[PDB]
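Trainee: This one is work04.pdb, PDB, C-alpha atoms and all ligand atoms.
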```pdb
ATOM      1  CA  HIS Z   3      13.491  18.059 -42.133
ATOM      2  CA  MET Z   4      11.539  16.022 -39.513
ATOM      3  CA  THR Z   5       7.973  14.675 -39.832
ATOM      4  CA  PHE Z   6       7.530  14.503 -35.954
ATOM      5  CA  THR Z   7       9.426  15.717 -32.883
ATOM      6  CA  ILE Z   8       8.727  14.582 -29.328
ATOM      7  CA  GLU Z   9       7.215  18.034 -28.811
ATOM      8  CA  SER Z  10       4.883  17.819 -31.801
ATOM      9  CA  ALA Z  11       3.960  14.200 -30.848
ATOM     10  CA  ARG Z  12       2.531  15.419 -27.561
ATOM     11  CA  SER Z  13      -0.453  17.004 -29.416
ATOM     12  CA  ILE Z  14      -1.783  13.765 -31.066
ATOM     13  CA  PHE Z  15      -5.575  13.189 -30.450
ATOM     14  CA  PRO Z  16      -5.716  16.777 -29.097
ATOM     15  CA  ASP Z  17      -9.411  16.531 -28.132
ATOM     16  CA  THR Z  18      -8.784  13.719 -25.585
ATOM     17  CA  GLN Z  19     -10.895  14.543 -22.464
ATOM     18  CA  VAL Z  20      -8.180  14.919 -19.796
ATOM     19  CA  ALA Z  21      -9.165  15.337 -16.072
ATOM     20  CA  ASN Z  22      -7.591  18.818 -15.725
ATOM     21  CA  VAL Z  23      -9.475  19.262 -12.392
ATOM     22  CA  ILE Z  24      -6.613  17.163 -10.962
ATOM     23  CA  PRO Z  25      -3.733  19.648 -11.667
ATOM     24  CA  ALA Z  26      -6.254  22.487 -11.103
ATOM     25  CA  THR Z  27      -6.876  21.196  -7.549
ATOM     26  CA  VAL Z  28      -3.159  20.628  -6.981
ATOM     27  CA  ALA Z  29      -2.415  24.270  -8.033
ATOM     28  CA  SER Z  30      -5.077  25.451  -5.513
ATOM     29  CA  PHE Z  31      -3.527  23.228  -2.874
ATOM     30  CA  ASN Z  32      -0.089  24.797  -3.526
ATOM     31  CA  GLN Z  33      -1.494  28.277  -2.698
ATOM     32  CA  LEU Z  34      -2.331  27.061   0.901
ATOM     33  CA  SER Z  35      -0.048  27.343   3.934
ATOM     34  CA  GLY Z  36       1.879  24.392   5.366
ATOM     35  CA  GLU Z  37      -0.434  23.748   8.322
ATOM     36  CA  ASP Z  38      -3.590  23.859   6.183
ATOM     37  CA  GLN Z  39      -1.845  21.538   3.691
ATOM     38  CA  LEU Z  40      -0.947  18.836   6.225
ATOM     39  CA  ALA Z  41      -4.385  18.904   7.907
ATOM     40  CA  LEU Z  42      -6.129  18.829   4.456
ATOM     41  CA  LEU Z  43      -4.037  15.802   3.392
ATOM     42  CA  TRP Z  44      -4.899  13.973   6.651
ATOM     43  CA  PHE Z  45      -8.634  14.492   5.965
ATOM     44  CA  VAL Z  46      -8.375  13.410   2.290
ATOM     45  CA  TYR Z  47      -6.383  10.284   3.092
ATOM     46  CA  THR Z  48      -8.480   9.194   6.122
ATOM     47  CA  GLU Z  49     -11.918   9.923   4.615
ATOM     48  CA  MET Z  50     -11.397   8.381   1.153
ATOM     49  CA  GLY Z  51     -13.010   4.981   2.002
ATOM     50  CA  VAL Z  52     -10.161   3.160   0.173
ATOM     51  CA  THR Z  53      -7.968   0.616   1.986
ATOM     52  CA  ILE Z  54      -4.304   1.252   1.166
ATOM     53  CA  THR Z  55      -1.997  -1.799   1.082
ATOM     54  CA  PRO Z  56       1.786  -1.178   1.091
ATOM     55  CA  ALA Z  57       2.155  -4.998   0.753
ATOM     56  CA  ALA Z  58       1.771  -5.379  -3.088
ATOM     57  CA  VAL Z  59       4.358  -2.706  -3.893
ATOM     58  CA  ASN Z  63      10.259  -0.369  -1.242
ATOM     59  CA  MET Z  64      10.437   0.769   2.417
ATOM     60  CA  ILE Z  65      14.101  -0.220   2.999
ATOM     61  CA  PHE Z  66      15.043   3.006   1.165
ATOM     62  CA  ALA Z  67      12.986   5.144   3.670
ATOM     63  CA  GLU Z  68      13.679   3.278   6.964
ATOM     64  CA  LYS Z  69      16.698   5.309   8.144
ATOM     65  CA  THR Z  70      14.821   8.592   7.668
ATOM     66  CA  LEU Z  71      11.662   7.065   9.230
ATOM     67  CA  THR Z  72      13.603   5.895  12.317
ATOM     68  CA  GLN Z  73      15.096   9.370  12.641
ATOM     69  CA  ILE Z  74      11.638  10.951  12.616
ATOM     70  CA  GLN Z  75      10.252   8.346  15.020
ATOM     71  CA  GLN Z  76      12.997   9.136  17.575
ATOM     72  CA  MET Z  77      12.401  12.952  17.404
ATOM     73  CA  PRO Z  78      10.094  14.688  19.941
ATOM     74  CA  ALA Z  79       6.632  15.775  18.683
ATOM     75  CA  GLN Z  80       7.671  19.390  18.114
ATOM     76  CA  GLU Z  81      10.473  18.344  15.769
ATOM     77  CA  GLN Z  82       8.392  15.630  14.093
ATOM     78  CA  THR Z  83       5.765  18.252  13.102
ATOM     79  CA  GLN Z  84       8.427  20.692  11.920
ATOM     80  CA  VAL Z  85       9.854  17.954   9.596
ATOM     81  CA  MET Z  86       6.446  17.270   8.122
ATOM     82  CA  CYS Z  87       6.087  21.067   7.610
ATOM     83  CA  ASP Z  88       9.688  21.242   5.905
ATOM     84  CA  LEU Z  89       8.506  18.515   3.480
ATOM     85  CA  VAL Z  90       5.203  20.142   2.525
ATOM     86  CA  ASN Z  91       6.791  23.652   2.339
ATOM     87  CA  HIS Z  92       9.756  22.502   0.186
ATOM     88  CA  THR Z  93      12.266  23.763   2.750
ATOM     89  CA  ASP Z  94      15.931  23.071   2.072
ATOM     90  CA  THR Z  95      16.893  20.624   4.807
ATOM     91  CA  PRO Z  96      18.865  17.348   4.880
ATOM     92  CA  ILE Z  97      15.649  15.286   5.324
ATOM     93  CA  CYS Z  98      13.951  17.240   2.483
ATOM     94  CA  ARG Z  99      16.924  16.530   0.170
ATOM     95  CA  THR Z 100      16.983  12.814   1.187
ATOM     96  CA  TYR Z 101      13.240  12.599   0.485
ATOM     97  CA  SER Z 102      13.661  14.120  -2.970
ATOM     98  CA  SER Z 103      15.990  11.150  -3.801
ATOM     99  CA  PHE Z 104      13.286   8.570  -2.932
ATOM    100  CA  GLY Z 105      11.390   6.797  -5.739
ATOM    101  CA  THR Z 106       7.673   7.644  -6.068
ATOM    102  CA  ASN Z 107       6.509   4.515  -4.316
ATOM    103  CA  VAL Z 108       9.147   4.993  -1.620
ATOM    104  CA  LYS Z 109       7.787   8.524  -0.958
ATOM    105  CA  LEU Z 110       4.278   7.045  -0.704
ATOM    106  CA  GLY Z 111       5.473   4.312   1.631
ATOM    107  CA  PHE Z 112       7.214   6.961   3.726
ATOM    108  CA  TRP Z 113       3.977   8.863   4.206
ATOM    109  CA  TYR Z 114       1.972   5.690   4.732
ATOM    110  CA  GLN Z 115       4.191   4.696   7.692
ATOM    111  CA  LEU Z 116       3.876   8.180   9.221
ATOM    112  CA  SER Z 117       0.074   7.915   8.806
ATOM    113  CA  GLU Z 118       0.142   4.626  10.727
ATOM    114  CA  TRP Z 119       2.346   6.115  13.466
ATOM    115  CA  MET Z 120       0.027   9.156  13.817
ATOM    116  CA  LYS Z 121      -2.882   6.740  14.455
ATOM    117  CA  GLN Z 122      -0.779   4.872  17.055
ATOM    118  CA  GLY Z 123       0.525   8.052  18.775
ATOM    119  CA  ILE Z 124       4.166   7.322  17.759
ATOM    120  CA  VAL Z 125       4.155  10.469  15.571
ATOM    121  CA  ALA Z 126       2.581  13.737  16.546
ATOM    122  CA  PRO Z 127      -0.949  13.836  15.045
ATOM    123  CA  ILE Z 128      -2.867  16.638  13.454
ATOM    124  CA  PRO Z 129      -3.990  18.699  16.564
ATOM    125  CA  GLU Z 130      -7.491  17.657  17.812
ATOM    126  CA  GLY Z 131     -10.046  19.883  16.040
ATOM    127  CA  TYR Z 132      -7.488  22.024  14.061
ATOM    128  CA  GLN Z 133      -9.620  24.325  11.939
ATOM    129  CA  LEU Z 134      -8.683  24.792   8.299
ATOM    130  CA  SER Z 135      -8.840  28.262   6.801
ATOM    131  CA  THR Z 136     -11.979  28.786   4.640
ATOM    132  CA  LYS Z 137      -9.838  28.530   1.493
ATOM    133  CA  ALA Z 138      -8.303  25.201   2.618
ATOM    134  CA  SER Z 139     -11.836  23.962   3.421
ATOM    135  CA  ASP Z 140     -12.839  24.702  -0.219
ATOM    136  CA  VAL Z 141      -9.821  22.778  -1.557
ATOM    137  CA  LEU Z 142     -10.625  19.856   0.765
ATOM    138  CA  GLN Z 143     -14.263  19.661  -0.415
ATOM    139  CA  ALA Z 144     -13.226  19.741  -4.122
ATOM    140  CA  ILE Z 145     -10.804  16.880  -3.490
ATOM    141  CA  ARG Z 146     -13.394  14.942  -1.510
ATOM    142  CA  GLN Z 147     -15.891  15.076  -4.451
ATOM    143  CA  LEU Z 148     -13.481  13.360  -6.897
ATOM    144  CA  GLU Z 149     -13.674   9.640  -7.632
ATOM    145  CA  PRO Z 150     -11.169   7.743  -5.405
ATOM    146  CA  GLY Z 151      -8.741   7.079  -8.234
ATOM    147  CA  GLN Z 152      -8.498  10.766  -9.018
ATOM    148  CA  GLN Z 153      -8.032  11.574  -5.296
ATOM    149  CA  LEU Z 154      -5.195   9.026  -5.249
ATOM    150  CA  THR Z 155      -3.706  10.891  -8.253
ATOM    151  CA  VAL Z 156      -4.023  14.256  -6.432
ATOM    152  CA  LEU Z 157      -2.220  12.755  -3.413
ATOM    153  CA  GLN Z 158       0.506  11.111  -5.433
ATOM    154  CA  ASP Z 159       1.189  14.324  -7.353
ATOM    155  CA  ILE Z 160       1.423  16.282  -4.062
ATOM    156  CA  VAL Z 161       3.608  13.659  -2.379
ATOM    157  CA  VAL Z 162       6.041  13.346  -5.303
ATOM    158  CA  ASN Z 163       6.562  17.133  -5.309
ATOM    159  CA  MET Z 164       7.321  17.415  -1.518
ATOM    160  CA  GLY Z 165      10.888  17.915  -0.223
ATOM    161  CA  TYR Z 166      13.691  19.923  -1.808
ATOM    162  CA  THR Z 167      15.398  19.157  -5.124
ATOM    163  CA  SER Z 168      18.923  20.594  -5.122
ATOM    164  CA  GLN Z 183      11.604  -8.198  -9.233
ATOM    165  CA  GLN Z 184       9.653 -10.924 -11.069
ATOM    166  CA  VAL Z 185       8.861 -11.130 -14.809
ATOM    167  CA  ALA Z 186       5.882 -13.222 -15.951
ATOM    168  CA  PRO Z 187       5.337 -14.568 -19.438
ATOM    169  CA  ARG Z 188       3.106 -12.462 -21.654
ATOM    170  CA  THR Z 189      -0.550 -13.438 -21.578
ATOM    171  CA  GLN Z 190      -2.837 -12.593 -24.496
ATOM    172  CA  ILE Z 191      -4.913  -9.414 -24.114
ATOM    173  CA  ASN Z 192      -7.571  -7.971 -26.482
ATOM    174  CA  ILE Z 193      -8.413  -4.395 -27.427
ATOM    175  CA  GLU Z 194     -11.621  -3.969 -29.453
ATOM    176  CA  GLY Z 195     -11.061  -1.967 -32.630
ATOM    177  CA  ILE Z 196      -7.317  -2.388 -33.194
ATOM    178  CA  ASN Z 197      -4.890  -5.112 -34.323
ATOM    179  CA  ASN Z 198      -1.551  -3.467 -33.569
ATOM    180  CA  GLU Z 199       1.075  -5.780 -32.220
ATOM    181  CA  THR Z 200       3.355  -3.043 -30.869
ATOM    182  CA  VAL Z 201       0.495  -1.786 -28.678
ATOM    183  CA  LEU Z 202      -0.382  -5.317 -27.521
ATOM    184  CA  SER Z 203       3.284  -6.099 -26.809
ATOM    185  CA  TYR Z 204       3.518  -2.899 -24.742
ATOM    186  CA  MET Z 205       0.400  -3.679 -22.668
ATOM    187  CA  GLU Z 206       1.295  -7.354 -22.099
ATOM    188  CA  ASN Z 207       4.930  -6.699 -21.245
ATOM    189  CA  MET Z 208       3.860  -3.943 -18.789
ATOM    190  CA  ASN Z 209       1.434  -6.414 -17.125
ATOM    191  CA  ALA Z 210       4.180  -9.051 -16.926
ATOM    192  CA  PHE Z 211       6.570  -6.430 -15.434
ATOM    193  CA  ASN Z 212       8.902  -7.219 -18.333
ATOM    194  CA  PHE Z 213      10.130  -3.645 -18.503
ATOM    195  CA  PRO Z 214      13.252  -4.295 -20.693
ATOM    196  CA  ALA Z 215      10.897  -5.867 -23.295
ATOM    197  CA  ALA Z 216       8.463  -2.922 -23.176
ATOM    198  CA  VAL Z 217      11.275  -0.339 -23.480
ATOM    199  CA  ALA Z 218      12.741  -2.303 -26.418
ATOM    200  CA  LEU Z 219       9.622  -1.321 -28.446
ATOM    201  CA  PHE Z 220      10.653   2.393 -28.307
ATOM    202  CA  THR Z 221      12.880   4.222 -30.737
ATOM    203  CA  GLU Z 222      16.203   5.161 -29.049
ATOM    204  CA  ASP Z 223      15.082   8.814 -29.064
ATOM    205  CA  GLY Z 224      11.491   7.930 -28.041
ATOM    206  CA  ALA Z 225       9.522   9.164 -25.037
ATOM    207  CA  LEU Z 226       6.821   8.181 -22.539
ATOM    208  CA  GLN Z 227       4.707  10.987 -20.980
ATOM    209  CA  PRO Z 228       3.092  10.155 -17.627
ATOM    210  CA  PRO Z 229      -0.156  11.971 -16.743
ATOM    211  CA  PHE Z 230       0.378  15.742 -16.182
ATOM    212  CA  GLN Z 231       4.179  15.292 -16.368
ATOM    213  CA  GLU Z 232       6.938  15.963 -18.863
ATOM    214  CA  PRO Z 233       8.030  13.380 -21.517
ATOM    215  CA  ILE Z 234      10.704  10.939 -20.286
ATOM    216  CA  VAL Z 235      13.155  10.699 -23.167
ATOM    217  CA  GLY Z 236      15.298   7.680 -24.173
ATOM    218  CA  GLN Z 237      15.207   4.023 -23.254
ATOM    219  CA  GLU Z 238      17.560   4.239 -20.229
ATOM    220  CA  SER Z 239      15.342   6.866 -18.601
ATOM    221  CA  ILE Z 240      12.068   5.159 -19.503
ATOM    222  CA  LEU Z 241      13.313   1.838 -18.021
ATOM    223  CA  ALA Z 242      14.387   3.549 -14.754
ATOM    224  CA  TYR Z 243      10.926   5.125 -14.535
ATOM    225  CA  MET Z 244       9.274   1.778 -15.188
ATOM    226  CA  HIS Z 245      11.347   0.249 -12.338
ATOM    227  CA  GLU Z 246      10.414   3.165 -10.038
ATOM    228  CA  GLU Z 247       6.654   3.433 -10.699
ATOM    229  CA  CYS Z 248       5.278   0.487 -12.712
ATOM    230  CA  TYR Z 249       5.695  -2.633 -10.520
ATOM    231  CA  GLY Z 250       2.336  -4.195  -9.565
ATOM    232  CA  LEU Z 251       0.255  -2.115 -12.006
ATOM    233  CA  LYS Z 252      -2.552  -3.865 -13.917
ATOM    234  CA  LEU Z 253      -3.304  -2.300 -17.315
ATOM    235  CA  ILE Z 254      -6.779  -2.966 -18.696
ATOM    236  CA  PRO Z 255      -6.961  -1.455 -22.213
ATOM    237  CA  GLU Z 256     -10.489  -1.820 -23.600
ATOM    238  CA  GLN Z 257     -10.845  -0.114 -27.003
ATOM    239  CA  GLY Z 258      -8.827   1.726 -29.591
ATOM    240  CA  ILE Z 259      -8.608   3.514 -32.897
ATOM    241  CA  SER Z 260      -5.681   3.602 -35.247
ATOM    242  CA  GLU Z 261      -4.987   6.256 -37.899
ATOM    243  CA  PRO Z 262      -2.175   6.642 -40.498
ATOM    244  CA  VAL Z 263      -0.443  10.043 -40.457
ATOM    245  CA  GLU Z 264       2.497  10.884 -42.711
ATOM    246  CA  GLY Z 265       3.659   7.199 -42.769
ATOM    247  CA  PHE Z 266       3.459   7.029 -38.960
ATOM    248  CA  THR Z 267       0.556   5.451 -37.113
ATOM    249  CA  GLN Z 268      -1.272   7.154 -34.273
ATOM    250  CA  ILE Z 269      -3.290   4.938 -31.914
ATOM    251  CA  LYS Z 270      -5.549   6.015 -29.060
ATOM    252  CA  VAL Z 271      -6.553   3.309 -26.537
ATOM    253  CA  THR Z 272      -8.977   3.865 -23.633
ATOM    254  CA  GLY Z 273      -9.335   1.658 -20.584
ATOM    255  CA  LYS Z 274      -8.179   1.462 -16.934
ATOM    256  CA  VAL Z 275      -5.242   0.855 -14.620
ATOM    257  CA  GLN Z 276      -5.303  -0.460 -11.060
ATOM    258  CA  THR Z 277      -2.465   0.449  -8.674
ATOM    259  CA  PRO Z 278      -1.133  -2.098  -6.125
ATOM    260  CA  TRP Z 279      -1.683   0.569  -3.429
ATOM    261  CA  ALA Z 280      -5.470   0.048  -3.780
ATOM    262  CA  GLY Z 281      -5.805  -3.374  -5.587
ATOM    263  CA  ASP Z 282      -8.977  -4.087  -7.525
ATOM    264  CA  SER Z 283     -11.086  -1.752  -5.334
ATOM    265  CA  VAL Z 284     -10.117   1.246  -7.533
ATOM    266  CA  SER Z 285      -9.791   1.692 -11.333
ATOM    267  CA  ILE Z 286      -8.445   4.887 -12.929
ATOM    268  CA  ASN Z 287      -9.838   5.697 -16.413
ATOM    269  CA  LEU Z 288      -6.978   6.324 -18.872
ATOM    270  CA  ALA Z 289      -6.149   7.050 -22.425
ATOM    271  CA  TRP Z 290      -2.948   5.900 -24.030
ATOM    272  CA  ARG Z 291      -1.868   7.926 -27.063
ATOM    273  CA  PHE Z 292       0.802   6.162 -29.180
ATOM    274  CA  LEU Z 293       2.752   7.475 -32.151
ATOM    275  CA  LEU Z 294       4.496   4.638 -33.957
ATOM    276  CA  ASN Z 295       7.148   5.181 -36.646
ATOM    277  CA  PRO Z 296       6.942   3.385 -40.078
ATOM    278  CA  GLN Z 297       8.793   0.353 -38.578
ATOM    279  CA  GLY Z 298       6.170  -0.078 -35.742
ATOM    280  CA  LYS Z 299       8.524   1.389 -33.063
ATOM    281  CA  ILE Z 300       7.026   3.559 -30.275
ATOM    282  CA  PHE Z 301       8.252   7.086 -30.954
ATOM    283  CA  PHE Z 302       5.989   8.541 -28.256
ATOM    284  CA  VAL Z 303       3.309   7.403 -25.844
ATOM    285  CA  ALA Z 304       1.265   9.698 -23.561
ATOM    286  CA  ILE Z 305      -0.791   8.286 -20.684
ATOM    287  CA  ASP Z 306      -3.675  10.550 -19.599
ATOM    288  CA  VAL Z 307      -6.197  10.434 -16.734
ATOM    289  CA  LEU Z 308      -9.566  10.902 -18.383
ATOM    290  CA  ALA Z 309     -12.318  13.281 -17.191
ATOM    291  CA  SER Z 310     -15.506  11.653 -15.830
ATOM    292  CA  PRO Z 311     -18.886  12.594 -17.428
ATOM    293  CA  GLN Z 312     -19.592  14.520 -14.195
ATOM    294  CA  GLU Z 313     -16.295  16.488 -14.526
ATOM    295  CA  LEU Z 314     -16.952  17.393 -18.146
ATOM    296  CA  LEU Z 315     -20.445  18.697 -17.246
ATOM    297  CA  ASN Z 316     -19.053  20.717 -14.264
ATOM    298  CA  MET Z 317     -16.176  22.329 -16.227
ATOM    299  CA  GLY Z 318     -18.731  23.783 -18.631
ATOM    300  CA  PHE Z 319     -21.758  24.950 -16.632
TER     301      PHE Z 319
HETATM  302  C1  LIG W   1       1.172  13.074   2.834
HETATM  303  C2  LIG W   1       0.501  13.075   4.186
HETATM  304  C3  LIG W   1      -0.097  12.016   4.796
HETATM  305  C4  LIG W   1      -0.204  10.693   4.196
HETATM  306  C5  LIG W   1      -0.593  10.407   2.900
HETATM  307  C6  LIG W   1      -0.701   9.105   2.318
HETATM  308  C7  LIG W   1      -0.474   7.851   3.115
HETATM  309  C8  LIG W   1      -0.985   8.990   0.962
HETATM  310  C9  LIG W   1      -1.025   7.832   0.167
HETATM  311  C10 LIG W   1      -1.332   7.851  -1.174
HETATM  312  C11 LIG W   1      -1.260   6.772  -2.133
HETATM  313  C12 LIG W   1      -0.771   5.452  -1.654
HETATM  314  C13 LIG W   1      -1.572   6.989  -3.440
HETATM  315  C14 LIG W   1      -1.332   6.150  -4.550
HETATM  316  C15 LIG W   1      -1.603   6.544  -5.813
HETATM  317  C16 LIG W   1      -1.349   5.856  -6.982
HETATM  318  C17 LIG W   1      -1.672   6.205  -8.249
HETATM  319  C18 LIG W   1      -2.459   7.438  -8.474
HETATM  320  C19 LIG W   1      -1.233   5.424  -9.354
HETATM  321  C20 LIG W   1      -1.560   5.565 -10.680
HETATM  322  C21 LIG W   1      -0.850   4.991 -11.701
HETATM  323  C22 LIG W   1      -1.016   5.177 -13.059
HETATM  324  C23 LIG W   1      -2.080   6.135 -13.489
HETATM  325  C24 LIG W   1      -0.087   4.554 -13.925
HETATM  326  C25 LIG W   1      -0.136   4.538 -15.292
HETATM  327  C26 LIG W   1       0.914   4.267 -16.230
HETATM  328  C27 LIG W   1       0.530   3.459 -17.321
HETATM  329  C28 LIG W   1      -0.792   2.771 -17.380
HETATM  330  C29 LIG W   1       1.534   3.189 -18.471
HETATM  331  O1  LIG W   1       1.245   2.511 -19.507
HETATM  332  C30 LIG W   1       2.909   3.802 -18.389
HETATM  333  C31 LIG W   1       3.355   3.906 -16.943
HETATM  334  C32 LIG W   1       2.358   4.738 -16.116
HETATM  335  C33 LIG W   1       2.382   6.182 -16.585
HETATM  336  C34 LIG W   1       2.918   4.627 -14.700
HETATM  337  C35 LIG W   1      -0.703  11.997   6.180
HETATM  338  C36 LIG W   1      -2.058  11.250   6.199
HETATM  339  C37 LIG W   1       0.258  11.332   7.191
HETATM  340  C38 LIG W   1      -1.006  13.451   6.533
HETATM  341  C39 LIG W   1       0.147  14.360   6.306
HETATM  342  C40 LIG W   1       0.571  14.445   4.846
END
```
Now, as a test, write the supplied structure out as structure tokens.
Ligand SMILES: CC1=C(/C=C/C(C)=C/C=C/C(C)=C/C=C/C=C(C)/C=C/C=C(C)/C=C/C2=C(C)C(=O)CCC2(C)C)C(C)(C)CCC1

Mentor:
Amino acid sequence: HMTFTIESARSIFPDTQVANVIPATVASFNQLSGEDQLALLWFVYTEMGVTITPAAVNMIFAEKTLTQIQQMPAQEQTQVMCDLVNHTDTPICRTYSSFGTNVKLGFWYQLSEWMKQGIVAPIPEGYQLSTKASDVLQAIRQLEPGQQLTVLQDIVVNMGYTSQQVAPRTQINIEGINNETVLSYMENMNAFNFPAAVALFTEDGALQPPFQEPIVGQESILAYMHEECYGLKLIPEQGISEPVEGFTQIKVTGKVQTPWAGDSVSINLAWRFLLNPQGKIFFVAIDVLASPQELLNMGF
């Protein structure tokens, strides 16, 4: 007999208002053809109004592949960027799938810079998207920047073909709760003390990133934290705590800022924790919350 499994833990606070327009838009994007995809991504990225810094984040992992692409003629450069978006089995697509999330993003950032400088073949002057791609572009363009950044990240991480400094903890407050395991988690994540944060989990515990599967076990969670969590700033604001079957479930809402955009952009999140009777994190889900505008729209 078990009171909770990882699977059943995923459904805690089931009426959380998740921004399902994000994966909805990604699914629509994945129905478009390679050329429409690349041109759409160029317009999203360039028209977002957000300055992207690589500086606060990595690139040494991508440099050999980047040099390769830089040396290719324009015809081959564009084909490579089509293999990536189309998920074609190629050496470069397999190498890309081994990059960490932030390495993938740095990869694409450098190509974006080279396209501006005419070192990498640009999107053709005036290339006209299909009507369908034009509808996907406009839905992306309407989203708040932080949600567009999430769309892009999700698309970038899924391209290709699949075959640092610790601060001391500083005090943080969350109105409405007094849970030390939650506060330890948030403060250790802000300090980039990822071994300390992971130590709060049960050995069989999981962390569920937004719109992704649970990452199970401390070794895996730590690797993920190394890959994706450096330079994040977590700004939990408020919470509720409820006892359930001798466990505690805690929902916290607030924001994160990514080092890609600094303090110019804040993404609205929920964190959904299930703690065991000993105060260990059995499960935590992070969700991107729907805006008031998106809730309205996805009714009426
Ligand atoms: C492709 C492509 C191009 C270039 C694209 C470029 C350049 C894109 C750059 C995009 C970037 C830079 C996006 C960055 C997004 C970052 C996000 C969205 C981060 C969100 C993080 C969150 C939400 C983390 C929350 C979490 C919390 C709070 C926890 O407690 C646990 C850990 C974790 C779950 C991590 C060009 C133009 C050439 C055209 C051709 C195709």

Trainee: Which residues, written as a list in words, have at least one atom at most 9 Å from residue Z:303, with all atoms listed in the file counted and residues fewer than 2 positions away on the same chain left out?

Mentor: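 Here the answer would be residues 11, 12, 224, 225, 226, 227, 228, 233, 290, 291, 292, 293, 294, 300, 301 and 305 of chain Z.
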
Trainee: Save out the residues we just selected, C-alpha atoms, as an mmCIF file, in the coordinates of the input.

Mentor:
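Output below, filename again_2.cif:
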```cif
data_model
loop_
_atom_site.group_PDB
_atom_site.id
_atom_site.type_symbol
_atom_site.label_atom_id
_atom_site.label_comp_id
_atom_site.auth_asym_id
_atom_site.auth_seq_id
_atom_site.Cartn_x
_atom_site.Cartn_y
_atom_site.Cartn_z
ATOM 1 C CA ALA Z 11 3.960 14.200 -30.848
ATOM 2 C CA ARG Z 12 2.531 15.419 -27.561
ATOM 3 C CA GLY Z 224 11.491 7.930 -28.041
ATOM 4 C CA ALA Z 225 9.522 9.164 -25.037
ATOM 5 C CA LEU Z 226 6.821 8.181 -22.539
ATOM 6 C CA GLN Z 227 4.707 10.987 -20.980
ATOM 7 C CA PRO Z 228 3.092 10.155 -17.627
ATOM 8 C CA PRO Z 233 8.030 13.380 -21.517
ATOM 9 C CA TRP Z 290 -2.948 5.900 -24.030
ATOM 10 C CA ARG Z 291 -1.868 7.926 -27.063
ATOM 11 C CA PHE Z 292 0.802 6.162 -29.180
ATOM 12 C CA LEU Z 293 2.752 7.475 -32.151
ATOM 13 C CA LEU Z 294 4.496 4.638 -33.957
ATOM 14 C CA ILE Z 300 7.026 3.559 -30.275
ATOM 15 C CA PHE Z 301 8.252 7.086 -30.954
ATOM 16 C CA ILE Z 305 -0.791 8.286 -20.684
#
```

Trainee: Carefully work through the PyMOL selection byres (((chain Z and resi 282) around 12) and not hetatm) for this structure and note down the residues it includes, as a list in words.

Mentor: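 For this structure, the PyMOL selection byres (((chain Z and resi 282) around 12) and not hetatm) captures residues 52, 53, 54, 55, 58, 151, 250, 251, 252, 253, 254, 274, 275, 276, 277, 278, 279, 280, 281, 283, 284, 285 and 286 of chain Z.
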
Trainee: Ranking Z:28, Z:145, Z:154, Z:217 by minimum distance to ligand LIG 1 (chain W) and counting only C-alpha atoms and all ligand atoms, which one comes first?

Mentor: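 Once distances to ligand LIG 1 (chain W) are computed over only C-alpha atoms and all ligand atoms, the minimum belongs to Z:154.
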
Trainee: Need to verify the contact set: stretch 37-45 of chain Z, 8 Å, only C-alpha atoms, exclusion of same-chain residues closer than 3 positions in sequence. Can you return it as a list in words?

Mentor: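 The residues that qualify are residues 31, 34, 48, 49, 86, 87, 90, 128, 132, 134, 135, 138, 139, 142 and 157 of chain Z.
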
Trainee: Can you tell me, as lines of an AutoDock Vina configuration file, the centre and edge lengths (Å, one decimal) of the axis-aligned box enclosing all of ligand LIG 1 (chain W)'s listed atoms after padding each side by 3 Å?

Mentor:
```
center_x = 0.4
center_y = 8.5
center_z = -6.2
size_x = 11.8
size_y = 17.9
size_z = 32.7
```

Trainee: Specify as a ChimeraX atom specification each residue included when the PyMOL selection byres (((chain Z and resi 248) around 9) and not hetatm) is applied to this file.

Mentor: /Z:208,211,213,243-247,249-251,277

Trainee: Env of residue Z:256: 6 Å cut, atoms = only C-alpha atoms, seq-sep filter 4 positions within chain, self excluded. Answer as a ChimeraX atom specification.

Mentor: /Z:193,272-273

Trainee: Rounded to one decimal place, report the atom CA of residue Z:259-atom CA of residue Z:4 distance in Å.

Mentor: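 Between atom CA of residue Z:259 and atom CA of residue Z:4 the gap works out to 24.6 Å.
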